[PDB]
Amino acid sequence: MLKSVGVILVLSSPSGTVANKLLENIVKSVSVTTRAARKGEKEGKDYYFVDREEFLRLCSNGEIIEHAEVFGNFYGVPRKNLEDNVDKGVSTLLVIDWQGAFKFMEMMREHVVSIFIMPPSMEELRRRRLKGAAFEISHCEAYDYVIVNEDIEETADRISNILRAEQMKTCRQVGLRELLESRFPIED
């Protein structure tokens, strides 16, 4: 019977694989960044890698729906197909910092589900600069869900469970009232 509108699934970590696990009805958003590609990273898979001038040009022409400066570099979510996908019932995964999560929760509250991935302790976070991570963590209370990341695989499972639950939310169903009126009509 019932179709569901997509969710914009926003995941934030400080520590920074799990997303990989999660994707293996959701598509991965690829962000634009001004930072250099690191060993093993590939254009179009990890990020779209551009310079500061091009990043600003893309913002100026409407192609970036969110952006922030994160530890000295720009990062932004491309506008392309996002809202499209929500209408189609396709969810999108965004792995962004708290500034980005806050922006999504403010601008698209009804379609966003936010999850903060917490390290199990500071000592474990250090083993995985930390002042920045502590400040990021202090924004956890604004997120819909929080998960302590002991094991990556378990975290991925719990995120998958949250996504599946959120897809069954009544407020995300399309045409429920019409469905009830047609299939379970009150007579008289």
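Heads up: residue numbers just count along the shown sequence, starting at 1.
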As the entry stands, the deposited residues without coordinates between residue 128 and residue 129 add up to 10 or more
Unmodelled residues of the deposited sequence between residue 178 and residue 179: none, 1 to 3, 4 to 9, or 10 or more?
none
76-84 set against 109-117, stretch whose average Cα temperature factor tops the other in the entry
76-84
Comparing 49-57 with 150-158, where is the mean C-alpha B-factor higher?
150-158
Taking the chain's C-alpha temperature factors as the reference, tell me which third residue 170 falls into: lowest, middle or highest.
middle
Should residue 38 be placed in the lowest, middle or highest third of its chain by the C-alpha B factor in the entry?
highest
Tertile call for residue 123 (CA temperature factor, within chain, third-based) is the highest
Could you place residue 136 in the lowest, middle or highest third of its chain by Cα temperature factor, using the values in the record?
lowest
Cα B factor band for residue 63 (lowest, middle or highest third within the chain):
highest
